[PDB]
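Notes follow the structure.
Just so it is clear, A, B, C, D, E, F, G, H, I and J label the chains in written order, and each chain counts residues from 1 on its own.
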Amino acid sequence: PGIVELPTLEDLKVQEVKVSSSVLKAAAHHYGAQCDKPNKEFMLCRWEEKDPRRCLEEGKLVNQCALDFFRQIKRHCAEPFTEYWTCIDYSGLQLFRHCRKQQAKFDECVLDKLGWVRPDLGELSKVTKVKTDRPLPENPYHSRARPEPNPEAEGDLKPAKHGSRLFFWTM
Amino acid sequence: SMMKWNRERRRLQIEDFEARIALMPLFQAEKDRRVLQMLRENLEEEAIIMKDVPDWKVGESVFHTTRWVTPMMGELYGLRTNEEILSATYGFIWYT
Amino acid sequence: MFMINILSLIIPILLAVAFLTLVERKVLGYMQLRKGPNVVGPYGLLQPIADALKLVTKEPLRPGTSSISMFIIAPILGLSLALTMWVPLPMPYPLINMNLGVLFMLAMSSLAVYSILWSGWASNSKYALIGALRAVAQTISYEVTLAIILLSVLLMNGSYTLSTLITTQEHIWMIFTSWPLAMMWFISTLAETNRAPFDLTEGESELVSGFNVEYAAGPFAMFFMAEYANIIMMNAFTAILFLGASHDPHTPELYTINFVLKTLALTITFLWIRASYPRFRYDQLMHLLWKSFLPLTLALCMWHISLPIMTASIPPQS
Amino acid sequence: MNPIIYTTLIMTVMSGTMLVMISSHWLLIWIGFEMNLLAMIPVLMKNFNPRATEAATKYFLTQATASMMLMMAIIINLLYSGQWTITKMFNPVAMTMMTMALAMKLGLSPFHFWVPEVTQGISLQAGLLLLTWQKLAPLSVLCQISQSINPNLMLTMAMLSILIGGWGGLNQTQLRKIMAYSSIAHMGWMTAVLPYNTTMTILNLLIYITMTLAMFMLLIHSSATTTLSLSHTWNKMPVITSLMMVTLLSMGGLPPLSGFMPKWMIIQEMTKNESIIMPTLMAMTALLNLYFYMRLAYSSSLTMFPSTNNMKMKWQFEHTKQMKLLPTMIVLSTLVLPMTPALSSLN
Amino acid sequence: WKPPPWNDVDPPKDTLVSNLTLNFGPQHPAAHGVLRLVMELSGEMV
Amino acid sequence: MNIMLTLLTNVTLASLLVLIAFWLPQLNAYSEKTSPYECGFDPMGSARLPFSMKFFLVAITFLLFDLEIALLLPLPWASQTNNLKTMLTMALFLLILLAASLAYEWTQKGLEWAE
Amino acid sequence: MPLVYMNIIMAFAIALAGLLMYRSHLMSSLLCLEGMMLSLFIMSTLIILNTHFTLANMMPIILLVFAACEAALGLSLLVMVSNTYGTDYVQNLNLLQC
Amino acid sequence: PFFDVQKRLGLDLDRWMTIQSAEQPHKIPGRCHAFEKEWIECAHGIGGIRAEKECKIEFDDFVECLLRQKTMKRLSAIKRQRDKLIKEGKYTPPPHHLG
Amino acid sequence: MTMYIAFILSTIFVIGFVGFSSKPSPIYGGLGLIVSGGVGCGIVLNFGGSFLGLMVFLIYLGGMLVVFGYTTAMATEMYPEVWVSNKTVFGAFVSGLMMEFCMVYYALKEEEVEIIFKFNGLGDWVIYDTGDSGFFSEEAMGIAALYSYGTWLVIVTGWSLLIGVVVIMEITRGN
Amino acid sequence: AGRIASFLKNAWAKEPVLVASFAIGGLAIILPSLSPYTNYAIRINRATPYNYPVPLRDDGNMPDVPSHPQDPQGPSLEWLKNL
């Protein structure tokens, strides 16, 4: 009952960021604060449009901004970061609780070499606002025309004509 | 002692979850590309696999709606390898 | 590298029960001023092997009134259930990291009683049916307290995952916060495994048999090795749940050494009480649980639902 | 059974039925049936006679099977619709499974060989509670789902009930047995009009409730269970059996007694739906119901029967029990025809 | 087909108590070794 | 995979031990070695006739009580809610009726074992 | 509607058939009664898990709560019929034929 | 409901589980949340008689999403035709669907 | 071979279902139910229902234990029946095995079965859905909401079970 | 007092378990309302971010909603650190 407009494979050929889960888990808080703007815009497109096929470009901006975050970390604090994510990776559950000392090296490194401050607790969980210039999708669900309401019940009530009108019951 | 330690664990879990929220945009961003890539690969192969059929117009949306329906996992990995199927459907359940 | 792991569990387990029978008599004897086996090998270090080898070479025989099929499968049920139950135990890192490990052990441990009466019913003996009917209501009534005690303690866990007990009692032993529940937990473990304040399942004084009524060399060995394995675990489960230990993520050997020591100490206590108390009569052991354990069981449950809320100490779900 | 437990046991039955008539979720409706069954089985075997045990037993297997089939038919409806609300069933197999699932609770078609002897074995008190209260819940479900009902199946359910109920009653002496078949006869009458106008079966339910109530607590006062035992009541209580005539005539639908109001009003509604052959049929086969009513009427006080000399001191003593609404129930069960248009209150 | 009972109670059927009976020896270790102790029990109460 | 391999290995290990149990020790048996054991003297004929025990009432309440523990099992994940007041009231409510059922079962003979 | 749905639906049919063919045992009859409960519980679990009807995951639990409740009722009824009539074959309770 | 006490008494007893798009715990949406959301918003107050004829495609999309009856049928035809074509030897799967 | 254990597990579920539905001796019926019950727990586990799978495992095992605990109590036959024993149970048994084995043959050889409903054989792995679950299992949070979203269900279930203990004593008391 | 004290002492002698269980059962209900940390337990559970804090479109006139996670405006849970 129609077609499916799958995007061009070329559109799905953006740079694919390559870091292991522990590397991302180590960056976490610092990544969230210094890369929120493209992140929030992309997901707002995801929630509003409800269609990734309409939000690839916003996904691309996330990858580019993710690269710049990781490009800066190698240029300045490659060693302490390499020490940190290795310490996270050893744990089977990847807990920050066991690598406080390596974290202490990492955050002070980016603080005095890249001007980054670790967000406080719950700060990364706040609800943010963005100024995306795309229009709000009028019909995100592509809803069909809503049915017309049934004839409204109104008018005044008067005594039933000739009573019950059932057999020999005059009234 | 249990009261204090449990509160500390709650604070740790908040930090754990906040860490998770940070990288959700990337995982969502990449996964949609992978899903669209998998569907696109399926569509091209479906066109090649059926060209002499009576009428199998490529990629007809069964649902009447024009909005995107979250795809079946079957239609994603359907023609892929056997190992891909098992690691996808019974991957998390079987990982003990 | 998984078959090696499994066979690195099955062989040590069967060898643990193997020499538990030696540390039984050699402990039982010393507590009754005897000396225990010290003839077969030095200090009796070869007696169970002599016992085991005999119990796989002396004539086995199915009873003339037996039910062959159910008679044979019951030892299969007992042994496989005992071995499969050690699987999610979180010795540093558990062999199988079940998300609901606690519920798993409850379910299968509730299954290890189908062996005892399938053996009893198929044996077609008057002492067999008596012992079978004694045991079933014994275990299930003791199972109601088993389920609630586990739940009340695990309310501070936040989940049923066995690995999280390591994290939960990281600074403080769990028994210091749930010692009233610890006492009934130990008693129930004494009751599910049928040790001897409530060994009425065997009932040797009044029922001569009942663990293994006409069961012979092979099947008797199973029904023994299937309950002595439960002895070691039900104290390993008690050790992991109540008496935690320090676990360095880099050197798990320290935790395994500590974990083994707690199981060894607990197992000795199982042997220790076994030779210090008389036998509970059937109505008494049922009265003790339905009329004294359960009222305290529910009351301490309600305490442990409310306790995290009043103290704002709800544990993390993850 | 201690009095306090009996009350709470009854309240659970009324709550179970009430849960059925107020819930909008299919699981809760099933729960209301389950609570109704659970609280009723002890009520049947209140006196612990040998008969009551299997009487209560035959209740249990029949209704548990009905409850399980009802649960299954709910599940398929969820599978094909994803809905729990009581609106309609979107799988024809799901509906065609519930009709019998509810029928055995009602006891209409050959899913009825439980009704006679379950009434027989149990006491007269629970017999009244069985044949009147236990039918509001299954009928309430049918009224709500009345839209998506296969008319061919539902009509055949009722037609079979009228025929068997009338035919079976002709060969019964135990008063409880004749009441069960008579109740089965009224089962078809209420359910026949179900697809067309749900207001009508509510009216027939209300009239049938008064008929069965007034008839039963007259039997309680007479303290009789067989036709012969009832016969002697003319010697002791003449007014009770004389009143029993009018209720028996009303129960047979002989107008202008109130029992005609369902049979009359129902026939008018279905002829509006071009159903003519079938309405003529139950008009015909309601007569066999009338037969064993008149035979009961003949045997009670229309012809005074041989008495027993042990009745002298029986006349010396009056009933201490205090049936209430019995003077009221007879009035609604006999003369409400002039107030027939009141069915619109239900509508 | 016989008439139903007048009090709606049938006469009690044949007695169905078997009262399992065993010999508690002489092999039994706690039966002093020489007792052929036979007991009648009401199922479990002797 | 991992769970079923462990389940398989246990039953093969148990079954192999049975196989060497009934085959390695050879048999010299007769009809008197297969006779049921009754502490010596001949059995009177039993072990399958109705052996009516007394704890049937409390045996079946265990089934009822085992359903209570099923209902209150999800408590560890129930505490992770935003409306603990309702959760606490309902959680104690199930415990109260569980206690109430036991108490009423207690008072009317109940746990007492029939003679 | 894959084949697992066929297996448990066809299973429930044999539970229905098994119940409706009482041969010689009330206890075996009650077995088929609780048998029905498996397929209903299992099918219900498959439905609300496949559809991610998370709030409806309680429905299989509430089925089980009212499941054993009937099971207790059946055996309790089976207690007296076997107690006062000796056995549990469903043929000796025909005194209510008249 | 036969006697709608929930509407009159103004409280909720089971109007929280009867549909898949209600307030699920922690806002966990169901599979066919959007499909049923359109269907309910389609036929709201229109009556069952009008709903079964007007809001028909919305129900069909929703019922299909529930079971994937046609979509799985489409996949079944793809695999069967691919199987015979591969078995005969006309064409072989491309290297992306091998590893 | 590990293609999809759903059918294999459900098949043993049916064969075990066939068993006790053929009316064996009640004790052997418990075994026939238990294998179906155990493998049924396996089916739900494979579908993601980890808690519910072990849930039916624990409750039923206790449920059926008191079932055949009762059969040997007062429902035992002085000469118990078996899977072979009487030709009726033999006939009822073998009928079930040949029946189910016919449907699966009818199932796996065209994949377009149309008995009652529609049943097409394509693999139960297909109906699975792509998507994460965050840091919580969906099933566990669903049954956890019983104390927050299902306060009405708790009341009716709790009251019914409390009444369940009242009826059980009242029925079994007698005299 | 005399009636109650005699009853409690007598029950404390014959059935220590029941009077015990009724105690903790009694306390398990009435303190949770009295204790002031119950609101903290609600706040801790509410503050836990299982789902994403989905951004809301900024059309202006939303002073309280922050534009960056490090912004001062918004729900701050420094009390958890102190607690």
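Points worth noting:
Quick note on the criterion: a contact is a pair of C-beta atoms (placed from the backbone, for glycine too) under 8 Å apart; a residue touches a chain by one contact, two chains touch by 3 or more.
Going by UniProt, the chains are C = NADH-ubiquinone oxidoreductase chain 1; D = NADH-ubiquinone oxidoreductase chain 2; F = NADH-ubiquinone oxidoreductase chain 3; G = NADH-ubiquinone oxidoreductase chain 4L; H = NADH dehydrogenase [ubiquinone] iron-sulfur protein 5; I = NADH-ubiquinone oxidoreductase chain 6; J = NADH dehydrogenase [ubiquinone] 1 alpha subcomplex subunit 3.
With contact taken as defined at the outset, chain D and chain H are each touched by A, G, I. In whole angstrom, the spacing between the mean C-alpha positions of chain B and chain E is 68.
Look at where the CA atoms of chain A average out and do the same for chain D: the two points lie 61 Å apart. If you average the CA atoms of chain H and of chain J, the two centres end up 40 Å from each other.
Annotation: 37 Å between the Cα-based centres of chain C and chain J. Counting partners per residue, chain G has 1-2, 5, 19, 29, 50-56, 58-59, 61-62, 64-66, 68-69, 71-73, 75-77, 79-80, 82-84, 86, 95, 97-98 as the residues that reach two or more other chains. Annotation for chain F: residues touching 2 or more other chains are 1-3, 38-39, 43, 46, 48-53, 56, 59-60, 62-64, 66-67, 70-71, 73, 75, 77, 80-84, 88, 91-92, 99, 113. Multi-chain contact residues of chain E (touching two or more other chains) are listed as 4, 10, 12, 16, 20, 22, 27-28.
Contacting chain pairs (ordered by label): A-B, A-C, A-D, A-H, A-J, B-C, B-F, B-H, B-I, B-J, C-E, C-F, C-I, C-J, D-E, D-G, D-H, D-I, E-F, E-G, F-G, F-I, F-J, G-H, G-I, H-I, H-J, I-J. By the touch criterion given at the top, residues 31, 34-35, 38, 57, 60-61, 64-65, 68, 70-72, 74-75, 77-79, 81-82, 85, 91, 93-94, 96-99 of chain H touch chain B in their complex.
Considering their complex, residues 292, 295-296, 298-300, 302-303, 305-306, 308-314 of chain C touch chain J. Against chain B, the residues of chain J that register as touching in their complex are 44, 47-50, 52-53, 80-81, 83. Within the complex formed with chain G, the residues of chain H that make contact are 16-17, 20, 22, 24-25, 28-32, 66-67, 69, 72. Chain C contributes residues 93, 249-250 to its touches with chain A in the complex.
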